[PDB]
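The file target.pdb comes next; it holds PDB, N, CA and C atoms and all ligand atoms.
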ATOM      1  N   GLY J   1       6.384  69.264 105.659
ATOM      2  CA  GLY J   1       4.907  68.996 105.855
ATOM      3  C   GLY J   1       4.109  70.216 105.441
ATOM      4  N   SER J   2       2.775  70.139 105.403
ATOM      5  CA  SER J   2       1.876  71.297 105.078
ATOM      6  C   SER J   2       2.247  71.897 103.709
ATOM      7  N   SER J   3       2.619  71.055 102.785
ATOM      8  CA  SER J   3       3.221  71.486 101.484
ATOM      9  C   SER J   3       3.074  70.447 100.381
ATOM     10  N   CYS J   4       3.237  70.916  99.172
ATOM     11  CA  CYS J   4       3.338  70.084  97.978
ATOM     12  C   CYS J   4       4.461  70.593  97.075
ATOM     13  N   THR J   5       4.886  69.789  96.146
ATOM     14  CA  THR J   5       5.852  70.190  95.146
ATOM     15  C   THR J   5       5.226  70.979  93.986
ATOM     16  N   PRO J   6       5.642  72.240  93.814
ATOM     17  CA  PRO J   6       4.993  73.087  92.786
ATOM     18  C   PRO J   6       4.770  72.486  91.425
ATOM     19  N   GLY J   7       3.546  72.604  90.942
ATOM     20  CA  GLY J   7       3.147  72.161  89.658
ATOM     21  C   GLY J   7       2.963  70.665  89.464
ATOM     22  N   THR J   8       3.275  69.901  90.500
ATOM     23  CA  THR J   8       2.983  68.446  90.514
ATOM     24  C   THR J   8       1.512  68.178  90.595
ATOM     25  N   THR J   9       1.108  66.979  90.165
ATOM     26  CA  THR J   9      -0.256  66.526  90.506
ATOM     27  C   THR J   9      -0.045  65.401  91.513
ATOM     28  N   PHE J  10      -1.083  65.212  92.299
ATOM     29  CA  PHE J  10      -1.171  64.209  93.307
ATOM     30  C   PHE J  10      -2.616  63.815  93.571
ATOM     31  N   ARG J  11      -2.728  62.682  94.229
ATOM     32  CA  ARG J  11      -4.040  62.123  94.546
ATOM     33  C   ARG J  11      -4.295  62.221  96.041
ATOM     34  N   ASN J  12      -5.562  62.434  96.358
ATOM     35  CA  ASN J  12      -6.007  62.395  97.718
ATOM     36  C   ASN J  12      -7.276  61.574  97.710
ATOM     37  N   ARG J  13      -7.244  60.309  98.190
ATOM     38  CA  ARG J  13      -8.403  59.443  98.076
ATOM     39  C   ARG J  13      -8.836  59.351  96.557
ATOM     40  N   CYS J  14     -10.103  59.721  96.183
ATOM     41  CA  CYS J  14     -10.553  59.579  94.851
ATOM     42  C   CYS J  14     -10.333  60.836  94.068
ATOM     43  N   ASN J  15      -9.835  61.880  94.735
ATOM     44  CA  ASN J  15      -9.619  63.196  94.099
ATOM     45  C   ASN J  15      -8.222  63.401  93.561
ATOM     46  N   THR J  16      -8.179  64.217  92.510
ATOM     47  CA  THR J  16      -6.863  64.588  91.970
ATOM     48  C   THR J  16      -6.602  66.109  92.186
ATOM     49  N   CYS J  17      -5.333  66.427  92.360
ATOM     50  CA  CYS J  17      -4.946  67.773  92.809
ATOM     51  C   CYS J  17      -3.716  68.234  92.033
ATOM     52  N   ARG J  18      -3.642  69.526  91.790
ATOM     53  CA  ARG J  18      -2.488  70.165  91.160
ATOM     54  C   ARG J  18      -1.950  71.180  92.150
ATOM     55  N   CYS J  19      -0.696  70.984  92.506
ATOM     56  CA  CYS J  19       0.062  71.836  93.411
ATOM     57  C   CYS J  19       0.305  73.199  92.782
ATOM     58  N   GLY J  20      -0.001  74.251  93.587
ATOM     59  CA  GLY J  20       0.228  75.642  93.224
ATOM     60  C   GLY J  20       1.710  76.021  93.095
ATOM     61  N   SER J  21       1.981  77.229  92.589
ATOM     62  CA  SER J  21       3.364  77.668  92.394
ATOM     63  C   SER J  21       4.185  77.820  93.642
ATOM     64  N   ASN J  22       3.463  78.080  94.739
ATOM     65  CA  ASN J  22       4.004  78.277  96.073
ATOM     66  C   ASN J  22       4.363  77.035  96.874
ATOM     67  N   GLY J  23       3.749  75.926  96.470
ATOM     68  CA  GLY J  23       3.804  74.693  97.246
ATOM     69  C   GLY J  23       2.983  74.658  98.508
ATOM     70  N   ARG J  24       2.103  75.617  98.684
ATOM     71  CA  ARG J  24       1.366  75.770  99.903
ATOM     72  C   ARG J  24      -0.134  75.662  99.684
ATOM     73  N   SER J  25      -0.574  75.428  98.424
ATOM     74  CA  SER J  25      -1.959  75.200  98.127
ATOM     75  C   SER J  25      -2.016  74.227  97.003
ATOM     76  N   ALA J  26      -3.200  73.649  96.823
ATOM     77  CA  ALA J  26      -3.464  72.819  95.656
ATOM     78  C   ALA J  26      -4.934  73.015  95.202
ATOM     79  N   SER J  27      -5.107  72.948  93.866
ATOM     80  CA  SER J  27      -6.407  72.883  93.233
ATOM     81  C   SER J  27      -6.812  71.388  93.086
ATOM     82  N   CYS J  28      -7.864  70.997  93.802
ATOM     83  CA  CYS J  28      -8.356  69.661  93.837
ATOM     84  C   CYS J  28      -9.824  69.525  93.358
ATOM     85  N   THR J  29     -10.064  68.445  92.657
ATOM     86  CA  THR J  29     -11.512  67.948  92.483
ATOM     87  C   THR J  29     -12.162  67.752  93.864
ATOM     88  N   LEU J  30     -13.502  67.820  93.839
ATOM     89  CA  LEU J  30     -14.329  67.759  95.021
ATOM     90  C   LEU J  30     -15.311  66.591  95.103
ATOM     91  N   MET J  31     -14.968  65.478  94.440
ATOM     92  CA  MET J  31     -15.827  64.334  94.443
ATOM     93  C   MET J  31     -15.894  63.741  95.831
ATOM     94  N   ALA J  32     -17.129  63.398  96.237
ATOM     95  CA  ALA J  32     -17.344  62.435  97.326
ATOM     96  C   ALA J  32     -16.623  61.090  96.924
ATOM     97  N   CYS J  33     -15.976  60.531  97.901
ATOM     98  CA  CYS J  33     -15.172  59.397  97.796
ATOM     99  C   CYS J  33     -15.717  58.202  98.643
ATOM    100  N   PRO J  34     -16.867  57.596  98.212
ATOM    101  CA  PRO J  34     -17.262  56.406  98.976
ATOM    102  C   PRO J  34     -16.277  55.230  98.807
ATOM    103  N   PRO J  35     -16.419  54.212  99.689
ATOM    104  CA  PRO J  35     -15.699  52.924  99.511
ATOM    105  C   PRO J  35     -15.796  52.350  98.108
ATOM    106  N   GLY J  36     -14.654  51.954  97.583
ATOM    107  CA  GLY J  36     -14.492  51.477  96.250
ATOM    108  C   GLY J  36     -14.153  52.510  95.226
ATOM    109  N   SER J  37     -14.201  53.809  95.603
ATOM    110  CA  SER J  37     -13.917  54.929  94.633
ATOM    111  C   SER J  37     -12.429  55.152  94.508
ATOM    112  N   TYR J  38     -11.674  54.527  95.383
ATOM    113  CA  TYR J  38     -10.250  54.581  95.378
ATOM    114  C   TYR J  38      -9.637  53.421  96.154
TER     115      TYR J  38
HETATM  116 CO    CO K 101       6.664  71.415 105.765
END
Encoded form (structure tokens):
Amino acid sequence: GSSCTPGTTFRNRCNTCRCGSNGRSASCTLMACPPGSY
């Protein structure tokens, strides 16, 4: 838990994220995600 697979991308609601080298952070888009956006 509290982790991602390094260098993977993943989705969180309407946002997309790229997992850091450490697996402990991710670079994510910051879009507001209203209903229907995902
Ligand atoms: Co963990």
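Between atom CA of residue J:38 and atom N of residue J:26 there is a distance of 20.4 Å.
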Taking the file as I've supplied it (selection: the PyMOL selection byres (((not hetatm) and name CA) within 10 of (chain K and resi 101))), which residues are included? Please answer as an mmCIF file with N, CA and C atoms, in the coordinates of the input.
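Final output, expr.cif:
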data_model
loop_
_atom_site.group_PDB
_atom_site.id
_atom_site.type_symbol
_atom_site.label_atom_id
_atom_site.label_comp_id
_atom_site.auth_asym_id
_atom_site.auth_seq_id
_atom_site.Cartn_x
_atom_site.Cartn_y
_atom_site.Cartn_z
ATOM 1 N N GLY J 1 6.384 69.264 105.659
ATOM 2 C CA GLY J 1 4.907 68.996 105.855
ATOM 3 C C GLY J 1 4.109 70.216 105.441
ATOM 4 N N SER J 2 2.775 70.139 105.403
ATOM 5 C CA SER J 2 1.876 71.297 105.078
ATOM 6 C C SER J 2 2.247 71.897 103.709
ATOM 7 N N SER J 3 2.619 71.055 102.785
ATOM 8 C CA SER J 3 3.221 71.486 101.484
ATOM 9 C C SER J 3 3.074 70.447 100.381
ATOM 10 N N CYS J 4 3.237 70.916 99.172
ATOM 11 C CA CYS J 4 3.338 70.084 97.978
ATOM 12 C C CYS J 4 4.461 70.593 97.075
ATOM 13 N N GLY J 23 3.749 75.926 96.470
ATOM 14 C CA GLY J 23 3.804 74.693 97.246
ATOM 15 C C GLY J 23 2.983 74.658 98.508
ATOM 16 N N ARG J 24 2.103 75.617 98.684
ATOM 17 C CA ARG J 24 1.366 75.770 99.903
ATOM 18 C C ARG J 24 -0.134 75.662 99.684
#
| field | Polymer residues at most 6.5 Å from residue J:20, all atoms listed in the file, same-chain spacing of 2 or more positions, as a ChimeraX atom specification | value | /J:5-8,18,22-27
Fewer than 5 positions away in the same chain doesn't count, so skip those; otherwise give me all residues within 8 Å of residue J:28, counting only N, CA and C atoms, as a tab-separated table (two decimals) with N, CA and C atoms, keeping the file's coordinate frame.
chain	number	residue	atom	x	y	z
J	15	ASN	N	-9.84	61.88	94.74
J	15	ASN	CA	-9.62	63.20	94.10
J	15	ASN	C	-8.22	63.40	93.56
J	16	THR	N	-8.18	64.22	92.51
J	16	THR	CA	-6.86	64.59	91.97
J	16	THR	C	-6.60	66.11	92.19
J	17	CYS	N	-5.33	66.43	92.36
J	17	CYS	CA	-4.95	67.77	92.81
J	17	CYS	C	-3.72	68.23	92.03
J	18	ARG	N	-3.64	69.53	91.79
J	18	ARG	CA	-2.49	70.17	91.16
J	18	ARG	C	-1.95	71.18	92.15
J	19	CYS	N	-0.70	70.98	92.51
J	19	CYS	CA	0.06	71.84	93.41
J	19	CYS	C	0.30	73.20	92.78
What are the DSSP strand (DSSP E or B) residues of chain J, as a VMD selection string? chain J and resid 9 to 12 15 to 19 26 to 28
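What separates atom CA of residue J:12 from atom CA of residue J:29 is a distance of 9.4 Å.
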Taken to one decimal, the atom CA of residue J:30-atom N of residue J:10 distance is 13.8 Å
Please return the centre and edge lengths, in Å to one decimal, of a box with edges along x, y and z that contains all listed atoms of stretch 2-20 of chain J, widened by 8 Å on every side, as lines of an AutoDock Vina configuration file.
center_x = -2.4
center_y = 67.7
center_z = 97.4
size_x = 32.4
size_y = 32.7
size_z = 31.9
